[PDB]
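Only one chain is included here, represented as structure tokens and corresponding to the form deposited in one PDB entry.
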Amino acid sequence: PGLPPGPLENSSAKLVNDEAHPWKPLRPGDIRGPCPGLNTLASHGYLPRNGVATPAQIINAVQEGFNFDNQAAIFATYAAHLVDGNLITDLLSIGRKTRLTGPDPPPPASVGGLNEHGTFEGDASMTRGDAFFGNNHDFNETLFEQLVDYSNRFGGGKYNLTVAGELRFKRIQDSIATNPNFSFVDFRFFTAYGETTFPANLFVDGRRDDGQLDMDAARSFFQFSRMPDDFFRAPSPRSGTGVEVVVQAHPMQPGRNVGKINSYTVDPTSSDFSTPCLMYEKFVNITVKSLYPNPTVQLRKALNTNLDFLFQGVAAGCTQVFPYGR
């Protein structure tokens, strides 16, 4: 495994839809998944165009192409890789499970790519359906049209943090009403809020950086994995700034439906925004450990290396935990 890349040496706004990074359509076998950011980076050649990449490639791409901040890049990438990637070959699919990530580890590890439900990916996504409904990864036109409607109603036709606050809650309530297996705890509880800020913070042309995403650009990213012509990345490193506005709009507790619709039951063992270090500890002690309960020598070493890298992305003040010793 390569070392996690450091922050950008020059984080100014600049043209990122440039001659070296043209949009190209998918070829047979090219993989796209539930993340429009990574999808767009792959479709502009910031990542390998087939959608299989190393953690270091992913971190470099999100920084270079979108000015995603280093700490957020490290945490997200190594979390995803630990639960969805191949730790021996150092390869992660940004979408469906693929033989291209190499020989699989033993069960119960799945190495399912970002499409794997319940490891990283989860319910109440904005433009992707819940896994229960049959497809957690493809762009969904009806859900996107709802995003447009919420942008018209709360953002004057643009997507901004006010729109994010209302749409986040709408998607939660729709999943409660229709998905008897709806889960909204721990890792997903956190990412579900942060992700709604990303279109406002990262898909807005960096010469403006005003938090108001137009619907032409929104469709280009969300559906076609395509930067607008002449797209400048954000003018400084960021990820989830303004997430407090989204939470404040409709504060929620972590919980799940309990095998029936309209049965949302709060989980007091879940982390929430008052316990960010617990989210990290549970992710390692429960989620990662359950995939690799008794790893053989080379897997144990790879796990420990990637867990060290994950901890570099954890907010200061948390204590590192060691599921396979020091």
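Note that residue numbering begins at 1 and tracks the sequence as displayed.
Below, we refer to the form solved in complex with a small molecule, which is not included among the displayed structures.
Engineer: I'd like to know whether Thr101 contacts the small molecule in the deposited bound form, with contact meaning heavy atoms within 4.5 angstroms.
Structural biologist: Contact check for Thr101: no, nothing within 4.5 Å of the small molecule in the deposited bound form.
Engineer: How about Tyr280 - does it come within 4.5 Å of the small molecule in the deposited bound form, if we only consider non-hydrogen atoms?
Structural biologist: Yes, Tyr280 lies within 4.5 Å of the small molecule in the deposited bound form.
Engineer: In the deposited bound form, is there a heavy atom of the small molecule that lies within 4.5 Å of any heavy atom of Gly206, even though the partner is absent here?
Structural biologist: Looking in the deposited bound form, residue contacts with the small molecule do not include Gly206, since no heavy atom lies within 4.5 Å.
Engineer: Would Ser236 sit within 4.5 Å of the small molecule in the deposited bound form, counting heavy atoms only?
Structural biologist: No, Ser236 is distant from the partner.
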